[PDB]
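Colleague: One structure is given below, represented as structure tokens, and several questions about it will come after.
Each reported figure results from applying straightforward, stated rules to the coordinates on display, with no laboratory input. Virtual Cβ from ideal backbone geometry, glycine too; neighbours counted across all protein chains shown.
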Amino acid sequence: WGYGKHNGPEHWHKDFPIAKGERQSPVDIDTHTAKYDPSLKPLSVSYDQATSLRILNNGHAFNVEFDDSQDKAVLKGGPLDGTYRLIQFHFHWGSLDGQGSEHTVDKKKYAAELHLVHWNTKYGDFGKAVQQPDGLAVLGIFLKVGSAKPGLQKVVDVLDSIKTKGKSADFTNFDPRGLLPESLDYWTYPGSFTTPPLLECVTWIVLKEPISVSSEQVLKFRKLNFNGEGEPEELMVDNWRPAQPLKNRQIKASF
Ligand SMILES: CC(=O)Nc1nnc(S(N)(=O)=O)s1
Ligand SMILES: [Hg+2]
Ligand SMILES: [Zn+2]
């Protein structure tokens with residue numbers, strides 16, 4: 001599967017029939033139809049103990065991986081019941097600044113989207129959490145092009161080392177708190193992974209406020225490759241899935 005004409009999102013249903021399911025992601029967030037729900041609690045992001053391990057180009061995005069053997073970096077509160085552990089974060093971006101996010105807000109696309117993936121610890125490991133309707137919680141953050149985000153720079157600087165598919169580099173002591181917006185206001189709805197296998201195990205929490213990154217920072221993302229070393233070079237750009245039918249789900253807003 002991939003993102004090109006012949007293996008892109010419109011073809012994914014043939015190998016993963018869940019592509020046409022009832023709670024697929026991403027979706028367009030219509031701000032006027034979202035329901036303010038006053039019983040939604042504040043989010044609790046406790047990332048002071050986080051331990052990053054490595055950064056990896058996996059052929060469709062680059063992931064920073066975290067040590068999740070202990071409650072080191074956790075998400076709770078919000079719409080969640082239970083503690084969810086951070087296992088990795090990745091981005092989806094475009095070839096041009098006016099496209100790149102997966103979720104849109106009143107049909108507006110942003111330059112990129114950050115996903116911080118968490119799994120529900122009551123299920124014991126990640127592989128069990130993908131068997132449950134509330135197994136995962138992904139925190140989504142929009143990126144707009146503007147001033148440099150200083151906290152993103154270590155990530156941008158290592159990208160040359162993992163240019164092609166399969167490469168990795170040790171990436172310790174990166175603090176994910178430098179990627180968070182000021183406000184933790186959010187929208188939440190029940191959804192899925194946005195890449196195959198597209199499992200419907202995710203409570204999505206999409207933050208209202210985007211973070212700014214510079215043009216130079218998002219250009220470095222665009223220099224990555226989909227292909228492996230020694231293959232024809234395919235630039236890793238536009239690795240996003242288009243919005244899916246909300247199909248009678250309700251988007252709740254914390255504000
Ligand atoms: C192993 C893993 O994390 N897989 C994911 N697949 N899609 C994801 S996304 N784009 O919805 O955050 S995370
Ligand atoms: Hg599931
Ligand atoms: Zn993602």
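Colleague: Under the rule of at least 5 residues apart or a separate chain, name every residue whose amide H is placed under 5 Å from the amide H of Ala112.
Modeller: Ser101, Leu143
Colleague: Something else about it: In sequence order, what are the phi-derived ³J(HN,Hα) couplings for the stretch 45-52 according to the Karplus relation 6.51 cos²θ - 1.76 cosθ + 1.60 with θ = phi - 60°, rounded to whole Hz, with x for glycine and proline?
Modeller: Residue by residue, the stretch 45-52 yields 10, 10, 10, 5, 9, 4, 10, 7 Hz.
Colleague: Right, next: Under the definition of Cα pairs under 8 Å and six or more residues apart, what whole-number percent is the relative contact order of the chain?
Modeller: Details: 630 pairs, mean separation 68.8, N = 255.
Relative contact order here is 27 percent.
Colleague: Using the scaling law 2.2 N^0.38 Å as the reference, what is the normalised Cα Rg of the stretch 105-209?
Modeller: That works out to 1.21 for the stretch 105-209.
Colleague: If you wrap the chain's Cα atoms in a convex hull and average its projection over all directions, what's the area in nm²? All intermediate terms of the calculation are to be shown ahead of the outcome.
Modeller: Numbers: hull surface 51.5 nm².
For the chain, the mean projected area of the Cα convex hull comes to 12.9 nm².
Colleague: Same structure again: Which ordering of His118, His32 is given by a fewest-first count of other beta-carbon atoms within 10 Å? Numbers along the way, then the final one.
Modeller: Values: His118 31, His32 5.
In increasing order of surrounding Cβ atoms, one gets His32, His118.
Colleague: Further question: I'd like to know which of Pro38, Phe171, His13 lies farthest towards the positive end of the charge dipole of the chain, counting +1 on Cβ of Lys and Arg and -1 on Cβ of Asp and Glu.
Modeller: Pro38
Colleague: Arrange the following residues from fewest to most other Cβ atoms within 10 Å of their Cβ: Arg249, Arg23. If you can, show how the numbers build up before the last one.
Modeller: Numbers: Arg249 15, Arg23 21.
Ascending number of Cβ neighbours within 10 Å: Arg249, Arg23.
Colleague: Taking the alpha-carbon distance from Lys72 and a cut-off under 23 Å, which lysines remain once sequence neighbours fewer than 8 residues away in the same chain are dropped?
Modeller: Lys41, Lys122, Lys128, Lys154
Colleague: What residues qualify as long-range amide H neighbours of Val105, i.e. H under 5 Å apart, gap of 5 or more or another chain, H built at 1.01 Å from N?
Modeller: Correct list: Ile29.
Colleague: At what distance in angstrom do the alpha carbon centres of the stretch 73-118 and the stretch 202-240 lie from each other?
Modeller: Measuring centre to centre over Cα atoms gives 12 Å.
Colleague: Right, next: Which whole-number percentage describes the relative contact order of the stretch 62-140, with Cα contacts under 8 Å and a sequence gap of 6 or more?
Modeller: Normalised by residue count, the contact order of the stretch 62-140 is 25 percent.
Colleague: For n ≥ 4 DSSP H runs only, could you compute -39500 (n - 2.57) per run for the chain, divide by its residues and tell me the 222 nm figure to the nearest 500? Mind dumping the intermediate values first?
Modeller: On the way: 3 runs with 17 residues, N = 255.
Calculated mean residue ellipticity at 222 nm is -1500 deg cm²/dmol.
Colleague: Right, something else. Taking the number of other C-beta atoms within 10 Å as the exposure measure, put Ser192, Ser254, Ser69, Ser161 in order starting with the fewest. Display every interim value, and only then the final one.
Modeller: Numbers: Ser192 25, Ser254 21, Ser69 9, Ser161 13.
Starting with the residue having the fewest Cβ neighbours, the order is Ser69, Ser161, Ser254, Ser192.
Colleague: Under 19 Å Cα to Cα from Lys165, which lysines show up? Leave out anything in the same chain fewer than 8 places away.
Modeller: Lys220, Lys223
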